[PDB]
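**Student:** part one of the assembly, not moved from where it sits:
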Amino acid sequence: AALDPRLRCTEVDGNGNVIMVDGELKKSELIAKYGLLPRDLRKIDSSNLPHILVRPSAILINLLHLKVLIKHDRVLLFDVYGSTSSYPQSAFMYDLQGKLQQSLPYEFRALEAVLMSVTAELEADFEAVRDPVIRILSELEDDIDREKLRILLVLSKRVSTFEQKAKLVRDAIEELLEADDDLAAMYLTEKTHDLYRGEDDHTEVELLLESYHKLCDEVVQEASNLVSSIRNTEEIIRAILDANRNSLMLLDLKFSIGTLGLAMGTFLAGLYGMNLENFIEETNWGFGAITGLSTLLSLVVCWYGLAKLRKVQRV
Amino acid sequence: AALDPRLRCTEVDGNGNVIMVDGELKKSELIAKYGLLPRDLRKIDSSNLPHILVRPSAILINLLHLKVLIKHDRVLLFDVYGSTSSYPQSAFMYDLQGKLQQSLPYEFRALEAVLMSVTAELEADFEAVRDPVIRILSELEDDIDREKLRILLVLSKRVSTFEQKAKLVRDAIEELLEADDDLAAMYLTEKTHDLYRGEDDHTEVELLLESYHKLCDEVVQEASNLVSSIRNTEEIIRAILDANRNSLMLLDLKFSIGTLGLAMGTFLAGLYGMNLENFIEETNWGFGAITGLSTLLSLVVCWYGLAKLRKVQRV
Amino acid sequence: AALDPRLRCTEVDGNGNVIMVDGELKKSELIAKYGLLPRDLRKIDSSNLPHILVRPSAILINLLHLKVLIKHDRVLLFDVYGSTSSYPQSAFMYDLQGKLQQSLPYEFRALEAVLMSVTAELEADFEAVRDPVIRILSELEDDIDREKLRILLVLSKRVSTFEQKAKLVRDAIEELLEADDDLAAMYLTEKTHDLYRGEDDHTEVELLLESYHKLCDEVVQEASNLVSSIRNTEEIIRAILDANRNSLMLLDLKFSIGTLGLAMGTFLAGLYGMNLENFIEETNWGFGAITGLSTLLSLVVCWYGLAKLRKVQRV
């Protein structure tokens, strides 16, 4: 059900005064008042794709956290029913009030305020995302551990998500900039006085949009650079781990060779430890002779094992 | 062969009474009665893609479990020969009878009933799919086992399948909503009275379709979130298993070092266990001296092995 | 070279009698007799893509094993030079003779015979492919072996190939069905009598083609289901093998712990086996005391090793 969702709205009139505070307005009343279309509101209500639409009496903006309807006399900010106003929305409202209470027309000032708020939020989000990755990379320079690699991958996923979001916002602004008739139709005050700019006269809007398109492009480039650096660090860590595993295997082989070398001498001592006739008992040289022979044979076995271990891994 | 498949049909007249109960009607008789086309029925008979088609005297619906033909006076629900009516179909029939026996026209009420049944079935299927995954993830928080990972992957496949099905249904409704002439052609009662709405007057149908498009979109988003969480859990489990394997290898190396350390002292005891002249027999200090020397050499070998094991894996 | 390939041909006249038996006809003579075009024959001669083409005096069919030219009076089946007639071709010829010697026109009966032969061959090939996979899956339920997995993959490749072939045949029939003017141009007997059906009158051909399109679709669906089941079985087998490898590694570690535990007691016995003064000789309690001490120390070492092995793999 729920045919009418009773959206939450706030409005500002021509002089910048708060003509209406946070209230509940139906969709039908909003459509009747602003003369909109259901398709435009349905496009706005999607919270995945930003949109900047122009209509012969309105400008519709659905950016990251702003749902704004700008007319030549009124500005409306709306949201879903039951939602509470956040700090960025209050800051945007205060900035819009300050700019409107103070040459540029009304709609251009509103658009400037919206773009300034969006760029500030983008920069703050980028810094908040970027700082822990720098801290982790600083900590990883001393020792290499698998948990740190897992944390690095977890942070890299968030960096990629933010890069995608910033790229989407920049592409929306670029697609608005590429159109020519929309920039001509963005003049509302001259439209009220029956003046048409034409398709060859749009100077202020192009500069105003470019001045923030550049700011978005810088953030996108920086995010891409951070992603590349993270990937390189991960590759280096993996190579180091593989080398460590190979060294451990070689050490185990050397320990096995040593064990065999001791076992041979233990066997020889056991042979002369029997309860039989050795024929060299009660002689002074027997003990030293057998000890030297056993030690020499153990050393020879160890040397042969080490030599063949060196010869095998020569390739 | 089988030129005529003799489809099973049920019909409801204008007053909502059951004018005909479950029966067998040929394809040719159905085409002659309803004035359809073979291509539309062939498109409907496919059980892989949902379809909402409009014709100048009919509305054709092939959703998840409904094959419905809506006219301005009659409603027909049909299925393949030999099939038995299920509980959702009986519930839909009862709901349609209750809504029609009771302002909105006939076809809009039928469409509302169909959409309500489809959304209810989608929500029930989503809950039934979602519950075992939550139970498995709750059980996996204590211990990690490979069989639980296999069960998690098996359930994730079903979640992905349901997400694809819900996405297909939502895309069908969205594609119907985007068209403009179809919404104008959806008025049948006014068409009987020779009244044409035009391409600029369609208000009721747009709201009615949006009110269920939103409900489908919510389910699609929730399924995507569940899939992402499952993937993250699988990655964490794999990392834990790799760390466990490395720890086991290190323990094996330490055991080898201990074995060598004991073997050296065993060799020394075997050297002094021979049946020869030791020159220190019948002396009080010999036993303690040899015992201390063997223990000291074993400890030295163990310490050197542990030190080199620590030094190797420093990188 | 080889400008003229001298294709092998067989022909049947209007009354169904064999007017000509297996013979050698040049390409130029065939083109002059049937009034064809080089492009159509070049399209037919490709043995990778099936084709159903319609021309104002002919129907051209290049299916799996049939190269058929159907006219309003004659039917020709042709093949490459030097080829021998197989059993399916002879069966198709006998069936066509029986159907033509016996309301439906000539070309529709020929098309029915061709489609029946193709569907029968498809079903026979599917059964022959499907049976060994079922046998292998039945044998694999008792024990898991790598050779059986290799055989399963080898059979799965053939199942995928047959699925692709059946999908290609079904897509050809569907693409023929979607066209509208071709179905109007498929009437040759009425074309001889200067009667044109038009673009709104084609009933018999649509039903006739749908009745075999459904039969192809069923086989495609069954092949896809078999492929999915094979993939699931392969995944289960791989998981079982990995678990077996981990269990073997754990058993090896336990054997190493046991070896160390015995080695410690062997060292202690070797210490008291020396030819020196033990100070407890000729006493009754010495043997039992040393035996108990060595056994106790071996058990303590084994218990400590097992406890640390349990503690390491807790994660």
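**Tutor:** On my side now, so go ahead. Residues are numbered from 1 along each chain as shown, chains lettered A, B, ... in the order given.
**Student:** drop to CA atoms for contacts and neighbour counts, all remaining ones
**Tutor:** Will do.
**Student:** can you count the residues close to residue A:274?
**Tutor:** By the criterion of other Cα atoms under 10 Å in any protein chain shown, residue A:274 has 12 neighbours.
**Student:** was I right to think it contacts residue B:273?
**Tutor:** No. Look at residue A:274 against residue B:273 with Cα atoms under 8 Å: they stay out of range, at 9.6 Å.
**Student:** is any residue of stretch A:274-291 near chain C?
**Tutor:** No. Stretch A:274-291 lies out of reach of chain C by Cα under 8 Å from any Cα of the partner chain, never closer than 11.9 Å.
**Student:** report the secondary structure state of residue A:274.
**Tutor:** coil (DSSP: H, G, I helix; E, B strand; the rest coil).
**Student:** who's in contact with it?
**Tutor:** Going by Cα atoms under 8 Å, 6 or more residues apart in numbering or on different chains, residue A:274 touches B:274-275.
**Student:** point to the residue nearest the middle of chain A.
**Tutor:** Central residue of chain A (Cα atoms, centre = their mean): residue A:159, 0.9 Å from the mean position.
**Student:** element containing that one, please.
**Tutor:** Here residue A:159, judged by DSSP states H and E, is contained in helix A:146-178.
**Student:** next SSE downstream of that helix?
**Tutor:** Taking DSSP H and E, what comes next after helix A:146-178 is helix A:181-185.
**Student:** list the buried residues in that next one.
**Tutor:** Residues of helix A:181-185 classed as buried under the neighbour-count rule (16 or more other Cα atoms under 10 Å in any protein chain shown) are A:182-185.
**Student:** equivalent analysis for stretch A:274-288, please.
**Tutor:** A:286-287.
**Student:** tally of neighbours for the residue in the stretch 201-315 of chain A that chain B sits nearest to?
**Tutor:** In the stretch 201-315 of chain A, the residue found nearest to chain B is residue A:273; the distance is 4.3 Å by Cα to the nearest Cα. The number of residues packed near residue A:273 is 18, by other Cα under 10 Å.
**Student:** now it: how far from residue B:263?
**Tutor:** As judged by Cα to Cα, to the nearest Å, residue A:273 and residue B:263 stand 17 Å apart.
**Student:** tell me which other helices or strands the helix holding residue A:159 touches.
**Tutor:** In terms of contacts (3 or more Cα pairs under 8 Å, 6 or more residues apart in numbering or on different chains; DSSP states H and E), helix A:146-178 is packed against strand A:51-55, helix A:106-139, helix A:204-272.
**Student:** also put chain D on there:
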Amino acid sequence: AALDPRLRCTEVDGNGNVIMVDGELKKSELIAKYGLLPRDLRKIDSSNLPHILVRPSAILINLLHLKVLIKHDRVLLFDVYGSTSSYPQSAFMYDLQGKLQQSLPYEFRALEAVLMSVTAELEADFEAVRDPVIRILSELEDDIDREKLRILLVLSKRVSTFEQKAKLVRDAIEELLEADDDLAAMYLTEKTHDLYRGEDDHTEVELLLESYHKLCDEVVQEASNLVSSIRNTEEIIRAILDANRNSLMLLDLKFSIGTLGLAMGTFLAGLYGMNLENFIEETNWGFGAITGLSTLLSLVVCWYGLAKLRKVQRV
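**Tutor:** To build on what is shown above, here is chain D added in:
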């Protein structure tokens, strides 16, 4: 720099005599003499894509090793400056001279010679590529070795490269065949006499091009079959290697069990080898009793280890 590259050229007049031998001609002189365009010569000079272009007074061919300009009276073969004539180019020149010195027009004979040379070179290259792979596969049937697998992969890369080259040549001929106005414009002798063939009269060119398109298609199919066979052999070899590794691991485990079984009996003998009171000295049955007990315990330990090894890997 190098505005004019001074291409190397050879020419043949209408009677087939060598009117000019290998010489250096500028690009501007060639363009002025033949009335060409810079774009066509730039397309020809690329050595990666074959091209068959038709112009109202010329035919331009850039195949594998031929850069040929055919007119109704002259034939020119050109190449880069400083290059030397190879054996295939000399053979093509001799064949062209023999065919022209001898019904078919001039340009069709030149095209026939070019296509014959290209097909002969393709077949020779295919045989030269194919032979070593067959030799390696014959040698690999006795024993499996990693170096042979590396050689097989190295040869498979070359087979894939040749398959791609042959596919490119066949696609060029097919794209020339599909065009209709080009085949009409390929008649130059009739164009000199002011006779136009039209878009419905082209018989000789189609057969002439098809007779070599088939020859290219055969080679492409054979190369694809060889690639598939190589891939299957590689998969079989990898499976065999994995089975060998598993068998080696099992053998190592059995050796460890045997070592433990001997160690237990060595410990028991060491216990009775001490210099204490055994209480069974100077008795006849003691030696046999202890020997039998130690052997029995060693056999019991070995049997238990083998039984648990069998029980672990049952899954």
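**Student:** could you re-examine the neighbour count of residue A:274 with chain D now present?
**Tutor:** 13.
**Student:** near the closest residue to residue A:259 other than its chain neighbours, how many other residues are there?
**Tutor:** Closest residue to residue A:259 apart from its sequence neighbours, by Cα to Cα, 6 or more residues apart in numbering or on different chains: residue B:260 at 5.8 Å. The number of residues packed near residue B:260 is 24, by other Cα under 10 Å.
**Student:** show me what contacts residue B:260?
**Tutor:** Counting by Cα under 8 Å, 6+ apart, residue B:260 has contacts A:255, A:258-259, B:301-302.
**Student:** give me the spatial nearest neighbour of residue A:252, chain neighbours excluded.
**Tutor:** The shortest distance from residue A:252 to any non-neighbouring residue, by Cα to Cα, 6+ apart, is to residue B:253 (6.6 Å).
**Student:** residue A:270 now?
**Tutor:** Distances taken as Cα to Cα, 6+ apart put residue B:270 closest to residue A:270, at 6.6 Å, once the chain neighbours are dropped.
**Student:** that neighbour contacts residue C:269, correct?
**Tutor:** No. Checked against Cα under 8 Å, the pair residue B:270 and residue C:269 is beyond contact range at 10.4 Å.
**Student:** before we move on, the earlier item: could you check how far the residue nearest to residue A:252 is from residue A:249?
**Tutor:** Residue B:253 is 9 Å from residue A:249, where distance means Cα to Cα.
**Student:** quick revisit: so the residue nearest to residue A:252 touches residue A:253, yeah?
**Tutor:** No. Checked against Cα under 8 Å, the pair residue B:253 and residue A:253 is beyond contact range at 10.3 Å.
**Student:** for those two, work out which one has more neighbours and name it.
**Tutor:** Neighbours were counted for residue B:253 and for residue A:253 using other Cα under 10 Å; residue B:253 has more, 19 against 14.
**Student:** any figure for the gap between that one and residue C:256?
**Tutor:** Distance from residue B:253 to residue C:256, by Cα to Cα: 10 Å.
**Student:** angle of the helix holding residue A:159 against strand A:51-55?
**Tutor:** 10 degrees (axes from the mean of the first three to the mean of the last three Cα atoms, to 10 degrees).
**Student:** run the chain-centre distance for helix A:146-178.
**Tutor:** Chain-centre distance of helix A:146-178: 4 Å, with Cα atoms, centre = their mean, to the nearest Å.
**Student:** ok, and what's touching stretch A:211-221?
**Tutor:** Contacts of stretch A:211-221 (Cα under 8 Å, 6+ apart): A:115, A:119, A:123, A:126, A:163, A:166-167, A:169-170, A:173-174.
**Student:** while you're at it, add chain E from this line:
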Amino acid sequence: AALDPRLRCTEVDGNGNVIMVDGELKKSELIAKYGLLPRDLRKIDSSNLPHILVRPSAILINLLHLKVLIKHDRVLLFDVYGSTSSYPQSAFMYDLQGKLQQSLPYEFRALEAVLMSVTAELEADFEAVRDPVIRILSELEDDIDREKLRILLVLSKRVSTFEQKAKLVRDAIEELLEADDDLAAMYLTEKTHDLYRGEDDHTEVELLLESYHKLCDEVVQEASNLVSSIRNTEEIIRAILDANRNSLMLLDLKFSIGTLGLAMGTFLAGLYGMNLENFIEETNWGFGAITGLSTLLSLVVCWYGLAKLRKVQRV
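**Tutor:** Let me put chain E in with the others:
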């Protein structure tokens, strides 16, 4: 903010004298002076895609390191605010001054200078990239090490990046060459005198652009060849490492067999080392008999182990 960025500019007049040295000019002043459009300057200011644009009174070039505006009387080189002139830019300025102070028009000479500078920079960058890879590949011919493989991959990434950059530059020149009306519009001096070349008269520009397109294509081909060689070397190194690992495993197995072979003889010596009645004491043959028996049994165990090791890995 920053509506006007105050770009850094340098200018050269018709006679080639430096009419203005490095200065700061606003975007609005540049647009008013040169009669440009905001879209063209926005396209130029992107530093990722090279561009060669033609306008009825200007030529706009944004290559690797040059931002050049060429008119029929003036040449301007510009860059961002705060940047310092580099050595390639100074060399390009000196070369342009030397060429202009000295038949070809003004704009063609400027374009020749720009293309010469770009090709020289491309060749220098290619040589600087190529040399360390050759040095590393020369050093790797003696011994194989993982660090050298890591360095090889690191250098291969840079080679791929340079190949992509050169491919982008070559594609820009090719796309400029393919256009026909742009080459006609590239004549500015004739445009001042009201002479139009037409779409069929452009000879000088085509040759001038081709003479550098070839130079770019050569560098792209050489970079691709280097990348392929690097990949082949990496594959060979990986195969060698795998063979080394297998050889190490076989050596470990042989060491285990030797350890067991010695352990058996040690057990037999321990059996005859006990303090019981051997019944062969005070006999001459006992010592030699037991020594020979123990050595023979150890050799038999070693031989059996080696034989079964050979038999296992036969497949």
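**Student:** let's see the contacts of stretch A:211-221 again after adding chain E.
**Tutor:** By Cα under 8 Å, 6+ apart, stretch A:211-221 touches A:115, A:119, A:123, A:126, A:163, A:166-167, A:169-170, A:173-174, E:1-3.
**Student:** what do you get for stretch A:184-202?
**Tutor:** With Cα under 8 Å, 6+ apart as the criterion, stretch A:184-202 contacts A:54-59, A:71-72, A:105, A:107, A:180-181, A:183.
**Student:** can we see that at 10 Å?
**Tutor:** With contact meaning Cα atoms under 10 Å, 6 or more residues apart in numbering or on different chains, stretch A:184-202 is reached by A:53-59, A:71-73, A:105-108, A:180-183, A:203, A:205.
**Student:** now, of those residues, which are buried?
**Tutor:** Members of the contacts of stretch A:184-202 classed as buried by 16+ other Cα under 10 Å are A:53-54, A:57-59, A:71-72, A:106-108, A:182-183.
**Student:** nearest to chain D, of the contacts of stretch A:211-221?
**Tutor:** Chain D lies nearest to residue A:174 out of those, by Cα to the nearest Cα, at 36.3 Å.
**Student:** can you report how many residues lie near the closest residue to the closest one other than its chain neighbours?
**Tutor:** The shortest distance from residue A:174 to any non-neighbouring residue, by Cα to Cα, 6+ apart, is to residue A:213 (7.0 Å). Look at residue A:213: counted by other Cα under 10 Å, it has 20 neighbours.
**Student:** for chain C, see how far away residue A:213 is.
**Tutor:** Distance, residue A:213 to chain C, by Cα to the nearest Cα, to the nearest Å: 48 Å.
**Student:** quick one on the thing from earlier: got TSV for the buried ones among the contacts of stretch A:184-202, with distance to chain B too?
**Tutor:** Output for the buried ones among the contacts of stretch A:184-202, formatted as TSV (distance: Cα to the nearest Cα, whole Å):
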residue	distance to chain B
A:53	17
A:54	19
A:57	19
A:58	20
A:59	22
A:71	24
A:72	26
A:106	32
A:107	29
A:108	32
A:182	22
A:183	26
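**Student:** between these, which is nearest residue C:27?
**Tutor:** Set against residue C:27, the nearest of the buried ones among the contacts of stretch A:184-202 by Cα to Cα is residue A:182 (63.7 Å).
**Student:** specify the beta-bridge partners of the closest residue to that closest one other than its chain neighbours.
**Tutor:** Excluding the flanking residues, the one nearest residue A:182 by Cα to Cα, 6+ apart is residue A:54, at 6.5 Å. On the basis of DSSP bridges, residue A:54 takes part in beta bridges with residue A:59.
**Student:** many thanks, have a good one.
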